[PDB]
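Down below is the structure, laid out as C-alpha cells.
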Ligand SMILES: CCN1/C(=C/C/C=C\C=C2/N(CCCCC(=O)NCCCOCCOCCOCCCNC(=O)[C@H](CCC(=O)O)NC(=O)[C@H](CCC(=O)O)NC(=O)[C@H](Cc3cc(-c4ccc(-c5cccc(Cl)c5)cc4)no3)CP(=O)(O)c3ccc(Br)cc3)c3ccc4c(S(=O)(=O)O)cc(S(=O)(=O)O)cc4c3C2(C)C)C(C)(C)c2c1ccc1c(S(=O)(=O)O)cc(S(=O)(=O)O)cc21
Ligand SMILES: [Ca+2]
Ligand SMILES: [Ca+2]
Ligand SMILES: [Ca+2]
Ligand SMILES: [Zn+2]
Ligand SMILES: [Zn+2]
C-alpha cells in the first residue's frame, strides 16, 4: 500500500472559492464528491469552517506555493497529494479553468471525485469507465456510478 489515512474520521476545509461558481454550488459539489467515496467505505467526512483539517481544498493558478505549478486553461485541471500531514491530502484546483455544475467548462464535482480519490491514496486506472482514469470525462451527475475498479481500489485501502 501507498500512504493511507490511519483514521476513518477525516475532515476537510475549503480554503477559498472560485469566482466561476456561486459559493453554495462549490460547497454542494465538494460535499457530494466526498460522499461518493463515503458510499463504499467506512470513511466519514466532516466539513470544517475554521481551523485545522486533513484535506484542504484550494483554488489557485500557475505556481502557487508547491513544486507543482499549474499551466493555464486546459492541460492539468487539478492535482492532489496523498495521505499525510501538512500538504498531504490537500487538493488544488486550477483557477484558469472555468468550473461549472454542468457539461460546459470543467465540472467541479467530477474533478473533485477524482482528486479526493488521490487524497485518499488511490492511483490511476486504465479503465475508461473508472473515475480514477487519468483524463477528464463528463457524465450527467445522476447517470454516474463508481466503477468496480474504483471500488476495488478504495476498499483495498480501507475496511
Ligand atoms: C447523454 C449520455 N448518454 C449516455 C451515457 C451513458 C453514461 C454512463 C454509462 C456508464 N457508466 C458511468 C461512468 C462511465 C460512463 C462512460 O464510460 N462514459 C463514456 C463517455 C465517452 O464520451 C466520449 C466523449 O468524451 C469527451 C471527453 O472530453 C474530456 C476532455 C478533457 N480531458 C483532458 O485532456 C483534460 C484537459 C481538457 C481541456 O483542455 O480543457 N486534461 C486532463 O484530464 C489531464 C490530463 C493531461 C495530461 O495528462 O497531460 N489530467 C488531469 O487534469 C488530472 C486531474 C483530473 C482528472 C479528472 C477526471 C478523470 C476521470 C473522470 C471520469 C472518467 C470516466 C468516468 C467518470 Cl464517471 C469520470 C473524471 C474526471 N478530473 O481532474 C490531473 P491528476 O491526475 O490529478 C495529476 C496531476 C499532477 C500529477 Br504530477 C499527476 C497527476 C458506467 C460505470 C461503470 C460501469 C461498469 S463497472 O463494472 O466498471 O461499474 C460496467 C458496465 S457494463 O455495461 O460492462 O456492465 C457499465 C458501466 C458504466 C456505464 C457504461 C453503464 C448513453 C446512455 C450511452 C446515451 C447518451 C446519450 C444519447 C444516447 C442515445 S441517443 O440516440 O439519444 O443519442 C442512445 C443511446 S442507446 O444506447 O439507448 O441507443 C444511448 C445514449
Ligand atoms: Ca490547467
Ligand atoms: Ca493536509
Ligand atoms: Ca476560473
Ligand atoms: Zn498545488
Ligand atoms: Zn489523477
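Condition check ((1) out of contact with any strand residue (DSSP E or B) (no Cβ under 6 Å at 6 or more places or on another chain); (2) more than 20 Å from residue 30 (Cα to Cα); (3) in contact (Cβ under 8 Å) with a residue 12 or more places away in the chain; (4) away from ligand 3 (no atom under 16 Å from the Cβ)) across all residues:
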{"position": "109", "(1), (2), (3), (4)": "yes, no, yes, yes"}
{"position": "121", "(1), (2), (3), (4)": "yes, no, yes, no"}
{"position": "124", "(1), (2), (3), (4)": "yes, yes, no, yes"}
{"position": "128", "(1), (2), (3), (4)": "yes, yes, no, yes"}
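Somewhere in the stretch 95-109, is a residue in a helix (DSSP H, G or I) and within 15 Å of ligand 2 (Cβ to nearest atom)? Checked the stretch 95-109: at least one residue is in a helix (DSSP H, G or I) and within 15 Å of ligand 2 (Cβ to nearest atom).
Among what's in the stretch 118-131 and is more than 7 Å from ligand 1 (Cβ to nearest atom) and buried (at least 18 other Cβ atoms within 10 Å of the Cβ), pick the residue that is farthest from residue 149 (Cα to Cα).
Just the residues of the stretch 118-131 that are more than 7 Å from ligand 1 (Cβ to nearest atom), to begin with: 119-123, 125-126.
Those still in the list that are buried (at least 18 other Cβ atoms within 10 Å of the Cβ) too: 119-122, 125.
Numbers: 119: 17, 120: 15, 121: 14, 122: 11, 125: 7 Å.
By that ranking, first place goes to 119.
In the set (1) buried (at least 20 other Cβ atoms within 10 Å of the Cβ); (2) within 16 Å of ligand 6 (Cβ to nearest atom); (3) over 13 Å from the mean Cα position of the chain (by Cα); (4) farther than 19 Å from residue 41 by Cβ, residue 68 fails one condition alone, (1). The criterion of being out of contact with any helix residue (DSSP H, G or I) (no Cβ under 9 Å at 6 or more places or on another chain) and within 16 Å of ligand 5 (Cβ to nearest atom) holds for residue 76.
Applying the set (1) more than 16 Å from ligand 5 (Cβ to nearest atom); (2) farther than 14 Å from residue 43 by Cβ; (3) touching a helix residue (DSSP H, G or I) at 6+ places or on another chain (Cβ under 7 Å); (4) not in a loop (DSSP other than H, G, I, E, B) to residue 154 leaves exactly one unmet item: (2). Of the numbered criteria (1) more than 8 Å from ligand 1 (Cβ to nearest atom); (2) closer than 24 Å to residue 3 by Cβ; (3) in contact (Cβ under 8 Å) with a residue 12 or more places away in the chain, the one residue 113 fails is (1).
Here, each number is a calculation from the coordinates, and none is a lab measurement. No Cβ is skipped: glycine too gets one built from the backbone with ideal geometry, and neighbour counts run over all protein chains shown.
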